[PDB]
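Remarks on the structure that follows.
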Amino acid sequence: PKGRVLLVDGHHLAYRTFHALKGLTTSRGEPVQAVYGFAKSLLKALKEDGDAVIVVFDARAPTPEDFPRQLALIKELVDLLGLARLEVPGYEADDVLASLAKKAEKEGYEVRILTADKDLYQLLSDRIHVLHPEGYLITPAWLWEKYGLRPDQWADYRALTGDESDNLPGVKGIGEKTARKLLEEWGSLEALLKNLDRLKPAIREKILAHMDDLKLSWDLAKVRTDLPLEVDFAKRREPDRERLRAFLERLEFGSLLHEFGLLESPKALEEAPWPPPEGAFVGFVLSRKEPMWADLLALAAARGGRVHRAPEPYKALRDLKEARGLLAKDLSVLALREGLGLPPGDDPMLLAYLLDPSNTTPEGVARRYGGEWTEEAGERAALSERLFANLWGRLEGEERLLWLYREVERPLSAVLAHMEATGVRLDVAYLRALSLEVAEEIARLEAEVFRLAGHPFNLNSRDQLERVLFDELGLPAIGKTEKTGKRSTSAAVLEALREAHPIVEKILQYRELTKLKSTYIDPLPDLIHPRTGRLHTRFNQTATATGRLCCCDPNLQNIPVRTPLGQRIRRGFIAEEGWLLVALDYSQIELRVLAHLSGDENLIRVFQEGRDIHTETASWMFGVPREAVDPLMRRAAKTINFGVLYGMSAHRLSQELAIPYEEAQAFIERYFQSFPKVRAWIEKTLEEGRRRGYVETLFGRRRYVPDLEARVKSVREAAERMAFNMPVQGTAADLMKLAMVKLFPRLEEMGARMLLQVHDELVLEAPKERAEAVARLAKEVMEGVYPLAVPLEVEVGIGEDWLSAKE
Ligand SMILES: CCCCCCCCO[C@@H]1[C@@H](O)[C@H](O)[C@@H](CO)O[C@H]1O
Ligand SMILES: [Zn+2]
């Protein structure tokens, strides 16, 4: 067989489905039952496929007023899918179909015709078959077994009957046989179609008893196999994925586009029954990325390359000991919601992320190491297996990375799944009231932007902005980043100008406050899950540059710390009815980590003594006893203690404080005079960084910094910041993650739970008559997570809302 050809009866399929799913239309009117029906059934056959696919149409007089509208969309759909369309002017779909089937058959093709209209059953033969829109595989055997006939005599058997429209009103019966129960029993000695005179009533009587009624029933044979046409059998074209999407979304059926990805699938490997062996990698497909709000569309497993596919995903989740594969965490969150305890196991992403924190997405990890992140549960599983193979083999030779995976990454996965699957209760009543409050704050600011500038224009609509600034002129350049386009303008434009004009400042206040409101106060009440009644923030274990947890929906991280609004927003997050929120926070961990990593005895000493690092630093910088340190002094000490963390720079500090460049340089000198090892540390961090090509955290977390050795000052000053900005933050991240991993086991027994983790804070939720005890357990665990040169202090709080516990 030179191939398989799937001939589609676009014409009769389009007609059939127009008189099916009669309800379907896009919510705005626009009917869609014909397009849908056609698309759905097309896919079914295309699932079983053929090398070459040709959709035949009629190439009007009394058809439905809406039919052609939909038929035109059907063809648009055929095109956009890269399938061959064929209509020969003057020929009826069926004739072309029959003829295409014959041609392809003769040319050494196995031909499968997707149609419902029974006429084509006469062409049934080996090579040529029929796929019913409904299902089955109408074959010649199917004819003998379910009808008792053979193709050669099936358009005949159909001529003494009448389907629908195949006009023949009158059969009688005879021994109850009607014409149908008989059908085959007239095939012995023709009569109607060749010789046979005297015979029984109906059987014969009715045959001749209907002249003219037969010189129309010949329409069954309206399947001439000799239509003169060329069109050759080529394999599928490329689909217009940009417009298939635009198309489907216009009919509101973009919702099920994923199905169409399942035809351009890289050759099916070998399979096996459902329950995959213990140790197989799972692949899965969800209706939406957010696991809590998603529907598990498909679940598959891979072992040794043999893909196993679940017949029903949900019941199937019960056959797994754990979720082992890409985005394993996301499946455990779904299973959790589904009341199933399926903990996250190995995941290639965790391995990739350790080997290199630039590996942040499955799409990219997959592409980078010889694979592809598809949308088929089965391919994502096999991919999940080869990636683990390829990647475990490398990480294996690295003890520091292996330790991290085994003691931090892998178990953090399981802790992440419970936090995401648990959610936080929100005070929706407060969210709405708060929104009322914040709405007006924005109003007054817009009003003031009209009160001044005169013409009450509308902010944000960037066309105006330029204009209001021509009615009161003042406009130069910005800097070097983001240049000239309408985006590079809205990016850095105006900021430079906020300085001396209230109008260009109130504009910031508005423009920004709306974002904070739209990002943190409005989406929130809507993110309250129906089944849980809680918001389920999402936690990405990989994602960041420092190794810090990334969260989204909402990004708690970017919620403004220590401001009238950020504080107001945290009040939104509340404790369950009879529970209390326990927020624990690591006081100055980056500094306690810098002291450890630098080894600076004076830094180590302050933390050991239990002293205020900003006052002490001020003492040794401005030569006055701690008791005599004044507000300004502790202010310069606090910022330098803050700036040293990422170097900052003399000018930066010179600017962060109202001080001549000169004085800021002296301040830095004094800082390193009191902290020599801190300077030495930075110096060496960049050396090993430059030599080795990467830096690390206390625990071994690597980040490649090639740009330390650049040409452009502006550029080697970037890599240099990040260069030591990672060991410090990286170490602080690692201590938190590890803390979470130790603490988790004990909150279960304490009946408490872990909710959020932002910056260097961990928010727990515990039963009222438990909160105090849980708080003390967590402080212990957190403080003694890992032995460093100085103590670790955890400021803790308890309360009904996140803002009560405060930090
Ligand atoms: C121990 C208490 C010290 C009291 C404050 C000391 C301030 C000294 O500050 C000076 C800088 O201004 C000088 O340029 C540098 C580098 O050569 O030496 C520093 O010690
Ligand atoms: Zn047909």
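Residues are referred to by chain and number: the chain letter is A, B, ... according to the order shown in the structure tokens, the number counts from 1 in that chain, and ligands are numbered separately from 1 in the order shown.
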
Would you return as a ChimeraX atom specification the members of range 518-695 of chain A that DSSP assigns to strand (DSSP E or B) on this structure's backbone?
-> /A:528,535,538-540,550-552,573-574,579-587,694-695

Could you please take those selected residues and save C-alpha atoms as an mmCIF file, in the first residue's frame?
data_model
loop_
_atom_site.group_PDB
_atom_site.id
_atom_site.type_symbol
_atom_site.label_atom_id
_atom_site.label_comp_id
_atom_site.auth_asym_id
_atom_site.auth_seq_id
_atom_site.Cartn_x
_atom_site.Cartn_y
_atom_site.Cartn_z
ATOM 1 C CA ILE A 528 -11.594 33.049 45.426
ATOM 2 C CA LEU A 535 -7.141 32.252 47.064
ATOM 3 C CA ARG A 538 1.047 29.832 42.843
ATOM 4 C CA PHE A 539 4.693 28.998 43.764
ATOM 5 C CA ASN A 540 7.403 28.456 41.172
ATOM 6 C CA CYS A 550 8.522 33.015 42.576
ATOM 7 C CA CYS A 551 4.781 33.445 43.179
ATOM 8 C CA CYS A 552 1.925 34.560 40.969
ATOM 9 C CA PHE A 573 -5.518 38.149 53.917
ATOM 10 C CA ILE A 574 -7.329 36.616 56.925
ATOM 11 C CA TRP A 579 -7.676 29.830 63.477
ATOM 12 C CA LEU A 580 -5.009 32.459 63.734
ATOM 13 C CA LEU A 581 -2.264 33.578 61.360
ATOM 14 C CA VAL A 582 1.340 33.215 62.533
ATOM 15 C CA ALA A 583 3.819 35.199 60.487
ATOM 16 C CA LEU A 584 7.510 34.416 61.243
ATOM 17 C CA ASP A 585 10.264 36.587 59.746
ATOM 18 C CA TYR A 586 14.123 36.318 59.549
ATOM 19 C CA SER A 587 15.540 39.565 60.916
ATOM 20 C CA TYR A 694 30.144 31.414 38.286
ATOM 21 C CA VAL A 695 29.545 32.159 41.952
#

Quick one: residues within 12 Å of residue 37 in chain A, only C-alpha atoms, excluding same-chain residues fewer than 2 positions away - as a PDB file with C-alpha atoms, in the first residue's frame?
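Result file follows (result-v4.pdb):
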ATOM      1  CA  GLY A  10     -17.377  17.706   3.230  1.00  0.00           C
ATOM      2  CA  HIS A  12     -22.826  15.740   3.213  1.00  0.00           C
ATOM      3  CA  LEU A  13     -20.992  16.015   6.483  1.00  0.00           C
ATOM      4  CA  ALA A  14     -21.626  19.771   6.468  1.00  0.00           C
ATOM      5  CA  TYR A  15     -25.283  19.186   5.722  1.00  0.00           C
ATOM      6  CA  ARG A  16     -25.718  16.504   8.373  1.00  0.00           C
ATOM      7  CA  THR A  17     -24.150  18.574  11.193  1.00  0.00           C
ATOM      8  CA  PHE A  18     -26.201  21.651  10.204  1.00  0.00           C
ATOM      9  CA  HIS A  19     -29.271  19.625  11.283  1.00  0.00           C
ATOM     10  CA  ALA A  20     -27.527  18.485  14.513  1.00  0.00           C
ATOM     11  CA  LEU A  21     -26.533  20.313  17.745  1.00  0.00           C
ATOM     12  CA  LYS A  22     -29.286  22.779  16.744  1.00  0.00           C
ATOM     13  CA  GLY A  23     -28.624  24.694  19.960  1.00  0.00           C
ATOM     14  CA  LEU A  24     -24.997  25.739  19.233  1.00  0.00           C
ATOM     15  CA  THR A  25     -24.258  29.384  18.328  1.00  0.00           C
ATOM     16  CA  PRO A  31     -24.947  29.877  14.715  1.00  0.00           C
ATOM     17  CA  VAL A  32     -22.179  27.311  14.881  1.00  0.00           C
ATOM     18  CA  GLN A  33     -23.701  23.792  14.891  1.00  0.00           C
ATOM     19  CA  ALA A  34     -22.566  22.951  11.341  1.00  0.00           C
ATOM     20  CA  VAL A  35     -19.022  24.172  11.726  1.00  0.00           C
ATOM     21  CA  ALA A  39     -14.869  19.994  12.945  1.00  0.00           C
ATOM     22  CA  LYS A  40     -15.596  17.418  15.657  1.00  0.00           C
ATOM     23  CA  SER A  41     -16.227  14.512  13.287  1.00  0.00           C
ATOM     24  CA  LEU A  42     -13.321  15.514  11.033  1.00  0.00           C
ATOM     25  CA  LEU A  43     -10.948  15.264  13.949  1.00  0.00           C
ATOM     26  CA  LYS A  44     -12.205  11.791  14.861  1.00  0.00           C
ATOM     27  CA  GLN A  70     -21.435  27.911   7.775  1.00  0.00           C
ATOM     28  CA  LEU A  71     -20.262  25.870   4.792  1.00  0.00           C
ATOM     29  CA  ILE A  74     -16.064  24.802   7.050  1.00  0.00           C
ATOM     30  CA  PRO A 133     -19.198  10.124  11.402  1.00  0.00           C
ATOM     31  CA  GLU A 134     -20.587   8.194  14.361  1.00  0.00           C
ATOM     32  CA  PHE A 253     -14.215  27.316  19.920  1.00  0.00           C
TER      33      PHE A 253
END

DSSP alpha helix (DSSP H) residues within range 362-505 of chain A, as number ranges by chain | A: 362-368, 377-395, 399-404, 410-422, 428-451, 463-468, 486-492, 502-505

At most 10 Å from ligand 2 (only C-alpha atoms and all ligand atoms): residue list as an MDAnalysis selection string = chainID A and resid 7:13 56:57 92:98 113:121 223

Take the residues from that selection and put them in a file with N, CA and C atoms, as a JSON list (two decimals), in the first residue's frame.
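Output file selection.json follows:
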[["chain", "number", "residue", "atom", "x", "y", "z"],
["A", 7, "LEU", "N", -10.79, 10.28, 2.39],
["A", 7, "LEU", "CA", -11.65, 11.13, 1.58],
["A", 7, "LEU", "C", -12.81, 11.56, 2.46],
["A", 8, "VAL", "N", -12.98, 12.87, 2.63],
["A", 8, "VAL", "CA", -14.05, 13.37, 3.47],
["A", 8, "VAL", "C", -15.18, 13.90, 2.61],
["A", 9, "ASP", "N", -16.40, 13.57, 2.99],
["A", 9, "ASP", "CA", -17.55, 14.06, 2.26],
["A", 9, "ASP", "C", -17.93, 15.38, 2.89],
["A", 10, "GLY", "N", -17.12, 16.40, 2.65],
["A", 10, "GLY", "CA", -17.38, 17.71, 3.23],
["A", 10, "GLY", "C", -18.80, 18.15, 3.02],
["A", 11, "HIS", "N", -19.31, 17.90, 1.82],
["A", 11, "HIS", "CA", -20.66, 18.29, 1.47],
["A", 11, "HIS", "C", -21.74, 17.67, 2.34],
["A", 12, "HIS", "N", -21.77, 16.35, 2.42],
["A", 12, "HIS", "CA", -22.83, 15.74, 3.21],
["A", 12, "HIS", "C", -22.56, 15.73, 4.69],
["A", 13, "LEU", "N", -21.31, 15.95, 5.07],
["A", 13, "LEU", "CA", -20.99, 16.01, 6.48],
["A", 13, "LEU", "C", -21.49, 17.37, 6.95],
["A", 56, "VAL", "N", -14.13, 16.60, -0.12],
["A", 56, "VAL", "CA", -14.92, 16.87, -1.31],
["A", 56, "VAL", "C", -16.19, 17.69, -1.00],
["A", 57, "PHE", "N", -16.44, 18.69, -1.84],
["A", 57, "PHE", "CA", -17.60, 19.57, -1.72],
["A", 57, "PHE", "C", -18.35, 19.60, -3.07],
["A", 92, "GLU", "N", -21.43, 16.40, -8.65],
["A", 92, "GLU", "CA", -21.99, 16.25, -7.31],
["A", 92, "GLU", "C", -20.99, 15.55, -6.41],
["A", 93, "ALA", "N", -20.73, 16.16, -5.26],
["A", 93, "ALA", "CA", -19.81, 15.63, -4.27],
["A", 93, "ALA", "C", -19.59, 14.11, -4.32],
["A", 94, "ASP", "N", -20.67, 13.34, -4.23],
["A", 94, "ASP", "CA", -20.59, 11.88, -4.24],
["A", 94, "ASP", "C", -19.87, 11.26, -5.44],
["A", 95, "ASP", "N", -20.11, 11.78, -6.64],
["A", 95, "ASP", "CA", -19.46, 11.27, -7.85],
["A", 95, "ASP", "C", -17.94, 11.48, -7.79],
["A", 96, "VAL", "N", -17.53, 12.66, -7.37],
["A", 96, "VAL", "CA", -16.13, 12.98, -7.24],
["A", 96, "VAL", "C", -15.56, 12.09, -6.17],
["A", 97, "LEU", "N", -16.29, 11.89, -5.07],
["A", 97, "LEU", "CA", -15.83, 11.04, -3.97],
["A", 97, "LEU", "C", -15.59, 9.62, -4.44],
["A", 98, "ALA", "N", -16.61, 9.04, -5.06],
["A", 98, "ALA", "CA", -16.52, 7.68, -5.57],
["A", 98, "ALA", "C", -15.34, 7.55, -6.52],
["A", 113, "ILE", "N", -13.16, 6.41, 3.37],
["A", 113, "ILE", "CA", -14.07, 7.53, 3.14],
["A", 113, "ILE", "C", -14.89, 7.88, 4.37],
["A", 114, "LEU", "N", -14.72, 9.08, 4.90],
["A", 114, "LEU", "CA", -15.51, 9.49, 6.06],
["A", 114, "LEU", "C", -16.83, 10.03, 5.55],
["A", 115, "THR", "N", -17.89, 9.25, 5.77],
["A", 115, "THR", "CA", -19.22, 9.64, 5.35],
["A", 115, "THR", "C", -20.27, 8.87, 6.13],
["A", 116, "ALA", "N", -21.48, 9.41, 6.10],
["A", 116, "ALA", "CA", -22.64, 8.82, 6.75],
["A", 116, "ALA", "C", -23.56, 8.30, 5.64],
["A", 117, "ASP", "N", -23.71, 9.08, 4.57],
["A", 117, "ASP", "CA", -24.57, 8.68, 3.47],
["A", 117, "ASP", "C", -24.16, 7.28, 3.03],
["A", 118, "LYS", "N", -25.11, 6.37, 3.15],
["A", 118, "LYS", "CA", -24.93, 4.96, 2.84],
["A", 118, "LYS", "C", -24.61, 4.58, 1.40],
["A", 119, "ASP", "N", -25.00, 5.41, 0.44],
["A", 119, "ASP", "CA", -24.74, 5.12, -0.98],
["A", 119, "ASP", "C", -23.31, 4.59, -1.21],
["A", 120, "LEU", "N", -22.33, 5.27, -0.64],
["A", 120, "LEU", "CA", -20.92, 4.91, -0.81],
["A", 120, "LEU", "C", -20.54, 3.50, -0.32],
["A", 121, "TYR", "N", -21.51, 2.82, 0.28],
["A", 121, "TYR", "CA", -21.27, 1.48, 0.77],
["A", 121, "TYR", "C", -21.05, 0.54, -0.39],
["A", 223, "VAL", "N", -23.02, 7.35, -8.47],
["A", 223, "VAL", "CA", -21.73, 7.08, -7.90],
["A", 223, "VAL", "C", -20.92, 6.49, -9.05]]

Give me the residues within 10 Å of residue 387 in chain A as a PyMOL selection string, counting only C-alpha atoms and dropping any in the same chain fewer than 5 places off.
-> chain A and resi 325-326+347-349+351-352+365-366+369-371+381-382+392-393

Residues just named, written with N, CA, C and O atoms as a CSV table (one decimal), in the first residue's frame:
chain,number,residue,atom,x,y,z
A,325,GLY,N,7.7,13.5,37.2
A,325,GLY,CA,7.9,14.0,35.8
A,325,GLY,C,7.9,15.6,35.8
A,325,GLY,O,7.8,16.2,36.9
A,326,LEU,N,7.9,16.2,34.6
A,326,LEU,CA,7.9,17.6,34.5
A,326,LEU,C,6.7,18.2,35.2
A,326,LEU,O,5.6,17.6,35.1
A,347,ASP,N,11.6,15.5,39.1
A,347,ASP,CA,11.2,16.4,38.1
A,347,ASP,C,12.4,17.0,37.5
A,347,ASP,O,13.3,17.5,38.2
A,348,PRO,N,12.6,16.8,36.1
A,348,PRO,CA,13.7,17.3,35.3
A,348,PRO,C,14.0,18.7,35.5
A,348,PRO,O,15.1,19.2,35.4
A,349,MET,N,12.9,19.5,35.7
A,349,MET,CA,13.0,21.0,35.9
A,349,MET,C,13.9,21.4,37.1
A,349,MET,O,14.7,22.3,37.1
A,351,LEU,N,16.3,19.5,38.3
A,351,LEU,CA,17.6,19.1,38.0
A,351,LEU,C,18.2,20.2,37.1
A,351,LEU,O,19.3,20.6,37.3
A,352,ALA,N,17.5,20.6,36.1
A,352,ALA,CA,17.9,21.6,35.1
A,352,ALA,C,18.2,22.9,35.8
A,352,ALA,O,19.2,23.5,35.4
A,365,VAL,N,13.7,24.3,28.7
A,365,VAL,CA,14.5,23.2,29.2
A,365,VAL,C,14.5,22.1,28.1
A,365,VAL,O,15.5,21.6,27.7
A,366,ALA,N,13.3,21.8,27.7
A,366,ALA,CA,13.0,20.8,26.7
A,366,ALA,C,13.8,21.0,25.4
A,366,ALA,O,14.4,20.1,24.8
A,369,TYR,N,17.8,20.7,25.7
A,369,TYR,CA,18.4,19.4,25.8
A,369,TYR,C,17.8,18.3,24.9
A,369,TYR,O,17.7,17.1,25.3
A,370,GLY,N,17.5,18.7,23.7
A,370,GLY,CA,17.0,17.7,22.7
A,370,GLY,C,15.6,17.1,22.9
A,370,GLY,O,15.5,15.9,22.9
A,371,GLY,N,14.6,18.0,22.9
A,371,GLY,CA,13.3,17.5,23.1
A,371,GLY,C,12.3,18.7,22.8
A,371,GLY,O,12.7,19.7,22.2
A,381,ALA,N,5.4,12.9,28.8
A,381,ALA,CA,5.8,11.9,29.7
A,381,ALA,C,7.2,11.3,29.3
A,381,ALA,O,8.1,11.1,30.1
A,382,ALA,N,7.2,10.9,28.0
A,382,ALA,CA,8.4,10.3,27.4
A,382,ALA,C,9.5,11.4,27.5
A,382,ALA,O,10.6,11.1,27.9
A,392,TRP,N,20.0,13.7,35.0
A,392,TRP,CA,20.5,13.1,36.3
A,392,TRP,C,21.9,12.6,36.1
A,392,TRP,O,22.7,12.8,37.1
A,393,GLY,N,22.3,12.2,34.9
A,393,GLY,CA,23.6,11.8,34.6
A,393,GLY,C,24.7,12.8,34.8
A,393,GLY,O,25.9,12.4,34.9

Residue 75 in chain A proximity check over A:218, A:91, A:147, A:247, using only C-alpha atoms: winner is A:247

May I have the residues within 12 Å of ligand 1, computed using only C-alpha atoms and all ligand atoms, as a ChimeraX atom specification?
-> /A:602,616-626,629,633,662-676
